[PDB]
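Every number in this note's numbering is 4 more than the matching position in the sequence shown, counting from 1.
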Amino acid sequence: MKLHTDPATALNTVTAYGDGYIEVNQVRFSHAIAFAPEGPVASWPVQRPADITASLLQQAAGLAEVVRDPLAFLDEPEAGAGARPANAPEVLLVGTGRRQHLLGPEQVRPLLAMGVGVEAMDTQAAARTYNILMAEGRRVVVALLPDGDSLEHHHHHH
């Protein structure tokens, strides 16, 4: 009667919390990161909940509509219209880590226009909700932010 836990590698989950970092896939990121079950891992140069801009929200969404280095170069045989991914974060979980920074329409509208529902919470609250939405199997991306420490605190100089 021992329940076998069958691990699906599509479930990108935090393997260890830690102080000054967050361990995902046993990769201990000592800085802000945005990752999803289906999606990329965005590295944030954010150290505090004050660094968060609309630009960074676009990065955290893992969109990248314009590719800096096109892997599949289209010579453009058409000039009508393009089809967007639609695999974008249906819900975006922004975790400020230290304290909830209320992001307003000014910053979140660029994503709201795409249908991206942005939640403003902290790392802990975002993690729980992320697990729910990831278990549900919905397009969710979570951005977690260090709650006090970072790579900088490992040094005593710059």
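Just so it is clear, CB atoms sit at the ideal spot from N, CA and C, and this is done for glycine as well.
(request) Kindly provide the ranges of any alpha helix (DSSP H) runs that are 4 or more residues long and lie completely inside the region 31-70, ordered along the chain. (result) With a minimum length of 4 residues, the continuous alpha helix (DSSP H) runs that stay inside the region 31-70 are 58-64.
(request) With DSSP as the reference, label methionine 138 as helix, strand or coil. (result) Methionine 138 falls in the helix class under three-state DSSP.
(message) Considering just the uninterrupted stretch of the beta strand (DSSP E) at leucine 15, what are its terminal residues?
(response) First-last for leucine 15: undefined, no H or E at that position.
(message) With distance defined between alpha-carbon atoms, name the residue in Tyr25, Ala58, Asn91 nearest to residue 165.
(response) Residue 165 is absent from the structure shown; the chain starts at 5 and stops at 162.
(request) List the DSSP bridge partners of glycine 99. (result) Looking at the DSSP assignment, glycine 99 forms a beta bridge with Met125.
(request) Could you tell me whether the region 49-63 touches the region 136-154, where touching means 3 or more Cβ pairs closer than 8 Å? (result) With contact defined as three or more Cβ pairs closer than 8 Å, the region 49-63 and the region 136-154 are in contact.
(request) Using the Cα positions of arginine 102 and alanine 36, report the straight-line distance between them to the nearest angstrom. (result) Going by C-alpha positions, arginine 102 is about 12 Å away from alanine 36.
(message) With three or more C-beta pairs closer than 8 Å as the rule, is the region 70-87 touching the region 12-28?
(response) No, the region 12-28 is not in contact with the region 70-87.
(message) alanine 46 and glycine 66 - do their beta-carbons sit closer together than 9 Å?
(response) Taking 9 Å as the Cβ cut-off, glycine 66 and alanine 46 qualify as a contacting pair.
(message) Suppose you measure from the CA of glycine 99 to the CA of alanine 124; what does that come to, to the nearest Å?
(response) Approximately 6 Å, taken between the alpha carbons.
(message) My assumption, with CB atoms under 8 Å, is that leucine 96 sits in contact with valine 120. Please give the rounded CB distance.
(response) Contact flag correct, Cβ pair sits at about 5 Å.
(request) Kindly indicate the opening and closing residues of the alpha helix (DSSP H) around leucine 115. (result) Here the alpha helix (DSSP H) through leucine 115 covers 109-116.
(message) If you follow the beta strand (DSSP E) that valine 146 is in, where does it begin and where does it stop?
(response) Segment 144-148, the beta strand (DSSP E) holding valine 146.
(message) Buried or exposed for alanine 131, going by 16 or more other Cβ atoms inside 10 Å?
(response) Counting Cβ neighbours within 10 Å, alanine 131 comes out buried, since at least 16 surround it.
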